[PDB]
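Given next are the chains, with one letter for each unit.
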Amino acid sequence: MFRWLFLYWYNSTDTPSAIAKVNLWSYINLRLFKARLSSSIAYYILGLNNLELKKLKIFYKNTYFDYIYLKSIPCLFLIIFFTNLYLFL
Amino acid sequence: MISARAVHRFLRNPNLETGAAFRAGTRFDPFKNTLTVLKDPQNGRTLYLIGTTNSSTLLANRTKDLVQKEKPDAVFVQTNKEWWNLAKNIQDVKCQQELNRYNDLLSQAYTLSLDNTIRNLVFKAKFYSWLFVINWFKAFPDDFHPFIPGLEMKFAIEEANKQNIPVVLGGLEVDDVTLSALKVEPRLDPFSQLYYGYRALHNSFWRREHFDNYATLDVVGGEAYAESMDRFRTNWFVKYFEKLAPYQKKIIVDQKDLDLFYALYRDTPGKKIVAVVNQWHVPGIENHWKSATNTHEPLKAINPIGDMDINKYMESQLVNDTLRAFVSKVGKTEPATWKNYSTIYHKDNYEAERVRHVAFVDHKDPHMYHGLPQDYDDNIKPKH
Amino acid sequence: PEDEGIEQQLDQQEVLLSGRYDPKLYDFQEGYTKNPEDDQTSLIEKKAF
Amino acid sequence: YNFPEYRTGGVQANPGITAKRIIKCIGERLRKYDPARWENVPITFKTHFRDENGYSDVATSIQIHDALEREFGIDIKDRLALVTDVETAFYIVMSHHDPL
C-alpha cells in the first residue's frame, strides 16, 4: 500500500526477479492497485535543500445538508426582504 | 511600564504542519483548563482562580472539594444576591442536570433596575432586541449555559458558609454596572447586529473553526463540553464575540476583566482567595494579576530567523555550484539551468526565460566568471 | 455444543485478544471536526470506554 | 547620502535579510488584515498559514501575495503557487529575478 510514487519505487522487493525466484504471482499484488494518489493537490516548491511537497486543499467534501441550510438562512431572508421591498415600492 | 504579553491567543502551533493523527494539542485536559494558581509575593497572597462554564457536575465537585480542603480566607463568587437566594432555597440537588431543570427560575435573577421613562423604555427595547440577536448568534443549548450560574457557584458559596469565611458576590455577566456601561454606548441595534454577525467569519479559517467548535457542542453534551474547553478555545470564543460585537465585547469582557481584577486585588480580605468566576474572564484576570505582581513566566526571546537554517540553504547553493562546475568540466560544456532543482514556477522548462546567473558590469569585472565553469580550477577549486 | 452465549463470549475474547484493537495503536479523535482534535468525551465516558 | 549598491541580485546574496523582510511584511499584513488571529502569534520562518488539518485559505494567501508584491516590487503569479507558509514566500521571492 503506497501513496507516493517516490516511496513506491524507492526500494521495491516484489520485483519480477524475486517473484520469479519464488514463481508465485498472486492476483492481489497487481501493480494496477499498488499505488494511488490522494486526490488532493500536491505540487513541489524548492525548499532549503531539496524539493518540498506542498498540498493545496481548499474545501472539504463531507459537508452535510444541515450546514448548507444554516448557511443559506441569511440569503433566503434577504430574498424575502428584497421581494417585499419591491412589492411595497 | 506596560507589559504587552499575549492575552487572548487561540492559534495553537502555527509552526508544526499538523494533521492526520499529529494534532496541534490536547483540548480535553480537565481539572487544569479550569483552575489557575496565582501568587502575590509582595503581600504573600495566594489566589485560586476557577473559571466555570456552570455546566459540569465533575468540575462542581472538584471546586467543592478544593474549597473544603484549601480553607481560603475569602471566596469570591461571580453571582448576585437574587441568584444566591434562589439557589439557597433550592436543596437536595447534587447533579447539574437537576439544576438545569431550574434554568428559568435561576435566569429570573437577571433583574434590571431601570426606570420607566421614555428613554429607558427605548433602551430596554433596543437591549432586548440585541440580546435576542446575540443569543441567536451564540446558539447555545439548554445544557450548556456559561452565563447562568449553576452547581459550582452554589457549592462554593455553601462551603464558604460552612467555614464561616466571607463571600464576595461580583454580580452576573450583565449586572447594573455593565448595564449602565451598555447604556453609555449607543451602538446597540438588532439589525446592524444581524448584519455584522453574518459578516464576522470573513475567511474560511474562522468559518471552519466555528463549525467544529459548535459541532463538538452538538455531539458531546454541555457537561462533556465544559471539560474540554481550554484556554485556546476560550480565547477563540472571546475573539468570536469581538468579531460579532467589538463594542459590547469591550464592555463585557475587557472592562469586566479589569473590574474583577480590581476586586480580587484590592477589595478582598486576602492572604488566601478562591475566586469562582466565569470561564472567559480568567485570561484577563490572570494577565492583570501577573503584570501587577510581576509574576510572569520568564521571557524566551524569539528570533524571527531562529528556526531558519541558513546553513542548509548556503550549503545547498555551494554544493550545487560545485556540482555544476564539476559536470561542466567533465562534459566540456556549461550548465543549462543554474537552478538547483527544477520546479514549475518560472515555466523555464518550456518557455524562453532562462535562469542563467551571469552578472558583470564591464570587461574588468572580477565577478564576470562567477557561475561559469571557468571560475574553477581543474581540481574543482572554488577560486580561479 | 456451539452454545450461542458461550460462543459469543469466546468471539468477543478472540476479537479483543487478536491485538488489532490495542488502544496504544490508536489516536482517538473527533472525526467530524474539520481540524484534527482529540477525543473530547467526558471523563466518565472515557473511563467507561 | 548612502549610495545604493551597484551589484545586482542583492536579495539572493542575503538569505537572512530577505527572510527578515519577508517575515516583517507578512506579519504587518496579517496583523492588519486579520488582527483577531495574528496579533498575538509570532511569525517566524517555520510559521505556516494553513488550518490544523493542512487546509489553506485563499484570502489570507492573496493578502500575503499583495504584501510581498508591495514589499519587493515583484508580480507574484497567483495561479502558479499559493503562499501558505514563510518558506513558500521565501522560495517565491528568491526565485524571482527582479526583487528589490
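Residues numbered from 1 in each chain as written, not as in the entry; some residues may be left out. Chains lettered and ligands numbered in written order. Part of a larger assembly, values for the part shown. Heavy atoms only, no water.

Its PDB header attributes the entry to cryo-EM and lists the resolution as 3.02 Å.

Q: Can you lay out the overall build of chain D for me, pointing to particular residues and giving the numbers?
A: Scanning chain D for helices and strands turns up five helices and zero strands. When the helices and strands of chain D are listed from N to C terminus, the series reads α-α-α-α-α. For 100 residues, the compact-globule estimate of 2.2 N^0.38 gives 13 Å, and the C-alpha radius of gyration of chain D, at 14 Å, lies within 12% of that figure. Judged by the C-alpha coordinates and their principal axes, chain D covers about 45 × 30 × 20 Å. Per-residue burial over chain D gives 59% buried out of 100 residues. For chain D, restricting intrachain contacts to residue pairs at least 6 apart in sequence, the fraction spanning at least 24 positions comes to 58%. (Helix = DSSP H or I, 4+ residues; strand = E, 2+ residues; numbered from the N terminus. Rg over C-alpha atoms; globule rule 2.2 N^0.38 Å. Buried < 20%, exposed > 50% of the residue type's maximum accessible area, 1.4 Å probe, protein only. Contact = heavy atoms within 4.5 Å.)

Q: So, a negative patch on the surface: which residues are in play, and what are the values?
A: Residue and element names in this part refer to chain C. A cluster of acidic side chains, namely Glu2, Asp3, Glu4, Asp11 and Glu14, defines a negative patch on the protein surface. Its location among the elements puts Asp3 in the segment before α1 (4-17). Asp3 sits in the partly exposed class, given a relative accessible area of 41%. (Patch = residues over 30% accessible without salt bridge, like charges linked within 9 Å, V, L, I, M, F, W, Y side chains within 5 Å. Areas by Shrake-Rupley, 256 points an atom, 1.4 Å probe, with all protein chains shown as cover. Salt bridge = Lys/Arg side-chain N within 4 Å of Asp/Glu carboxyl O. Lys, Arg positive; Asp, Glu negative; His and termini not counted. Charge placed at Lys NZ, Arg CZ, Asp CG, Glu CD.)

Q: So, the environment of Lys54 of chain A: which residues are in play, and what are the values?
A: Structurally, the position occupied by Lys54 of chain A is in strand β2 (residues 51-56). Each C-alpha atom of the pair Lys54 of chain A and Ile41 of chain A lies 8.2 Å from the other, and the pair is 13 residues apart in sequence. With sequence-adjacent residues up to four places away left out, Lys54 of chain A is seen in contact with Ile41, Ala42, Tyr43 and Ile45 of chain A, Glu17 of chain B together with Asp85, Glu87 and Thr88 of chain D. Among the polar contacts made by the side chain of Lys54 of chain A, one reaches the side chain of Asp85 of chain D at a distance of 3.1 Å. (Polar contact = N/O pair within 3.5 Å; in protein donor to acceptor, adjacent residues only side chain to side chain.)

Q: So what's going on with a nonpolar patch on the surface? Residues and values would help.
A: All names here are of chain A. On the surface, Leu78, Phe81, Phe82, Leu85, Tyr86, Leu87, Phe88 and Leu89 cluster together into a nonpolar patch covering about 1000 Å² of accessible area. Turning to its location among the elements, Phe82 is positioned in helix α4 (residues 73-88). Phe82 gets classed as exposed once you look at its relative accessible area, which sits at 52%.

Q: Give me the lowdown on the interface of chain B and chain D, citing residues and values where you can.
A: Each side of the interface is counted separately: chain B has 44 residues, and chain D has 44 residues. In this assembly, chain B packs against chain D so that about 3800 Å² is buried in total across both faces, 57% of it on carbon and sulfur atoms. It is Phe205, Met308 and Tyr345 of chain B that lose the most area in chain B upon contact with chain D, and together they represent 21% of the buried surface on that side. Taken together, the connections running from chain B to chain D amount to five salt bridges. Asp51 of chain D is the salt-bridge partner of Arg208 of chain B, the closest N and O atoms lying 2.7 Å from each other. There are 22 residue pairs in polar contact connecting chain B and chain D. (Buried area = accessible area lost by both parts, 1.4 Å probe.)

Q: Please provide a residue-by-residue account of the packing of helix α11 (residues 231-244) of chain B against helix α12 (residues 246-265) of chain B, values included.
A: All names here are of chain B. Two elements in contact, α11 and α12, have axes separated by 5 Å at closest approach and are oriented at 135 degrees. On the basis of their axis angle, the class for α11 and α12 is oblique. Together, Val238, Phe241, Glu242, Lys243 and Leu244 of α11 and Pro246, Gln248, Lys249, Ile252 and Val253 of α12 make up the contact between the two elements. By residue class, the composition of the contact of α11 with α12 is six nonpolar, one polar and three charged. (Axes fitted to C-alpha atoms, helices over the stretch in contact; angles between N-to-C directions. Parallel < 35°, antiparallel > 145°, perpendicular 65-115°, else oblique. Nonpolar A, V, L, I, M, F, W, Y, C, P; charged D, E, K, R; others polar.)

Q: Go over the pattern of salt bridges, please, and point to the residues and values.
A: Tallied over the entire structure, the rule returns 38 salt bridges over all chains. For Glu37 of chain C, the salt bridge identified is with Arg233 of chain B, shortest N-O distance 3.5 Å. Taken as a pair, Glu37 of chain C in the loop between α1 and α2 (43-48) and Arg233 of chain B in helix α11 lie in two separate chains rather than in one. The partner of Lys249 of chain B in a salt bridge is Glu242 of chain B, and the shortest N-O contact between them spans 3.7 Å. Given the relative accessible area of 5%, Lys249 of chain B is considered buried. By relative accessible area, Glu242 of chain B is classed as partly exposed at 26%. One continuous salt-bridge network, built from bridges that share partners, spans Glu52 and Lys54 of chain A, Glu17 of chain B together with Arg50, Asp85 and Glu87 of chain D.

Q: Could you give an account of the nonpolar core, naming the residues involved and the relevant values?
A: The biggest cluster of nonpolar side chains holds 37 residues, and the ones touching the most others in it are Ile22, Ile26, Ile43, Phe49, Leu68 and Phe90 of chain D. At the level of elements, β1 (41-46) of chain A together with α2 (15-33), α4 (58-72) and α5 (86-95) of chain D are the ones that each hand at least two residues to this core. Examining the composition of this core, we find that seven residues originate from one element, α5 of chain D, more than from any other. Counting residues in hydrophobic clusters, the runner-up holds 35 residues, among them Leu182, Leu217, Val220 and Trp236 of chain B. (Core = buried A, V, L, I, M, F, W, Y, C linked by side-chain atoms within 4.5 Å.)

Q: Can you lay out the environment of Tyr48 of chain B for me, pointing to particular residues and giving the numbers?
A: Residues and elements named next belong to chain B. Within the secondary structure, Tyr48 sits in strand β2 (residues 45-52). With 101 residues separating them in the primary sequence, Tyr48 and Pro149 have C-alpha atoms 18 Å apart. When residues no more than four places from it in sequence are discounted, the contact partners of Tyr48 are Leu35, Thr36, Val37, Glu70, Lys272, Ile273, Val274 and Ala275. Looking at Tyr48, its side chain comes within polar contact range of the side chain of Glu70, at 2.6 Å.

Q: Which residues make up unusual backbone geometry, and what values do they have?
A: All names here are of chain B. Phi at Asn164 takes a positive value of approximately 60 degrees, unusual for a residue other than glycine. As for its position among the elements, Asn164 is in the loop between α6 (151-162) and β4 (167-169). Looking at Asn164, the relative accessible area reads 69%, which means it is exposed. The phi dihedral of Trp338 falls on the positive side, at around 60 degrees, and the residue is not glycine. As for its position among the elements, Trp338 is in the segment after α14 (310-331). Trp338 gets classed as buried once you look at its relative accessible area, which sits at 8%.

Q: Quick one: what's the story with the packing of aromatic side chains, residue by residue and with numbers?
A: For the structure shown, the criterion picks out 34 aromatic pairs over all chains. Considering the side-chain rings of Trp38 of chain D and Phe49 of chain D, the 5.5 Å spacing of their centres and the 75 degrees angle between planes classify their relative orientation as edge-to-face. One end of the pair, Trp38 of chain D, is in helix α3 (residues 35-38); the other, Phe49 of chain D, is in the loop between α3 and α4, with eleven residues separating them in the sequence. Of the two residues, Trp38 of chain D and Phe49 of chain D, both sit in the buried class. Feature note: the residues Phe10, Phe140, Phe144, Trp206, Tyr214, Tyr225, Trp236, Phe237 and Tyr240 of chain B constitute an aromatic cluster, connected by ring pairs. Sitting over the face of the ring of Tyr67 of chain A, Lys34 of chain C holds its NZ or CZ atom 4.7 Å from the ring centroid. A cation over an aromatic ring shows up here: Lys46 of chain C above the ring of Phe28 of chain B, its NZ or CZ 3.7 Å from the ring centre. (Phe/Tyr/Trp six-rings, centres within 6.5 Å; stacked < 30°, edge-to-face > 60°. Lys NZ or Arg CZ within 6 Å of the ring centre and 35° of its normal.)

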